[PDB]
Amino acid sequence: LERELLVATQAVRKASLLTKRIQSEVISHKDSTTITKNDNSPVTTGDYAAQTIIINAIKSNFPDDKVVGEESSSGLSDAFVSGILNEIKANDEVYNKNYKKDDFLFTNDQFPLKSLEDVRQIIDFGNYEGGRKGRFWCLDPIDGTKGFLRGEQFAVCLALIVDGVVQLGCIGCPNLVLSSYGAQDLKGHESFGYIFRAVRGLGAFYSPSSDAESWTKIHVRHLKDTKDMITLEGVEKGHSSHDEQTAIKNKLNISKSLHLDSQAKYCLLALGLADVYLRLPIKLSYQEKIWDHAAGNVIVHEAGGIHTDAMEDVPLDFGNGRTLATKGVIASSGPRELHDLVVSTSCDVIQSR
């Protein structure tokens, strides 16, 4: 999967810079850069620009490839689309001065990414429904859009699924400063953060996004007692059952928690800076989206961790379409005894409502 990893990495890299660069402007013009979707969730110029860069890179390199992307261009006005295009081109002017990759194409004759109709066409390639067989890309162009809009953590996530199993993942964390989580930062991290990646069977690695050439292997840690561990949880109260997560902590004597938006959580897990990622469901009717977890799935696995749902303690199934059929998500450092204690506690807490 050599070409695929290169494409994915460069695609995320470029989109990581664009999204980092525009975060403030988006926030400041949060009347004209942001749209509300049918569930009231937000989507910005940044989300679409990221999606455009990424899909255009995939399609330039792999013309027939299928993509499951959360966004679609229907309804986007020309003015809105012109703003997406302008951000891509401004980003290119900065990006090409320092980060061009030799012998790598983001655009070609078939997909030149020059017009508003090109933009629309590329966005609209994200409409695959996934499923059990064959190869397809899974993208969350801005992962944790509320984190983005709060000026806090967000990520840019891409994965390749083949026959329902995630084979490759790439997560850009443009605002992730390791010194905030008790770790050292690497040279070059300050321009646009870090990129994390893994291929099934080949290990998990990271690099500053500005580098993306020299890769450092990462692995979860293994603390022996739960009273020393650290949880990872989201910030948004509506995205997970915080009170039930607290019950879990209290039962396990955990007194250290980190809250942040996006799959950057899986990256901190995989680096060994925390131990248990909790994502219990508030409502059992919710079906988790694959693009919120697929990149992280393979990164955690290759880092030596475990990833299941939050009730049954079964592995997540990335072949069910756009959603996970199970309820909630729990990831940890493992071993299995730690993981199972956590998930069984979650199960019991939920059942006791």
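Quick note: we count residues from 1 along the sequence shown, nothing fancier.
Please compare 264-272 with 184-192 and name the stretch with the higher mean C-alpha B-factor in the deposited structure.
That would be 184-192.
Which wins on mean Cα temperature factor, 171-179 or 220-228?
Looking at the recorded C-alpha B-factors, 220-228 comes out higher on average.
Name the residue from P42, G328, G46, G296 with the greatest C-alpha temperature factor listed in the entry.
Checking the PDB record, the top C-alpha B-factor among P42, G328, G46, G296 is at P42.
Hey, out of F62, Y286, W291, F318, whose CA B-factor is highest in the deposited coordinates?
Across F62, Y286, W291, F318, the entry lists the biggest C-alpha B-factor for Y286.
Going by what the PDB entry lists, where does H259 fall on CA B-factor within its chain: lowest, middle or highest third?
Ranked within chain, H259 CA B lands in the lowest tercile.
In terms of the CA temperature factor given in the entry, to which third of its chain does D140 belong: lowest, middle or highest?
Tercile = lowest for this residue's CA B-factor.
Split into thirds by Cα B-factor across the chain's modelled residues, where does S207 land: lowest, middle or highest?
For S207, the deposited C-alpha B-factor lands in the lowest third.
Name the third of the chain's ranked CA B-factors that contains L280, choosing lowest, middle or highest.
It falls in the bottom third of the chain.
Place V26 in the lowest, middle or highest third of its chain's C-alpha B-factors, as listed in the PDB entry.
Highest third.
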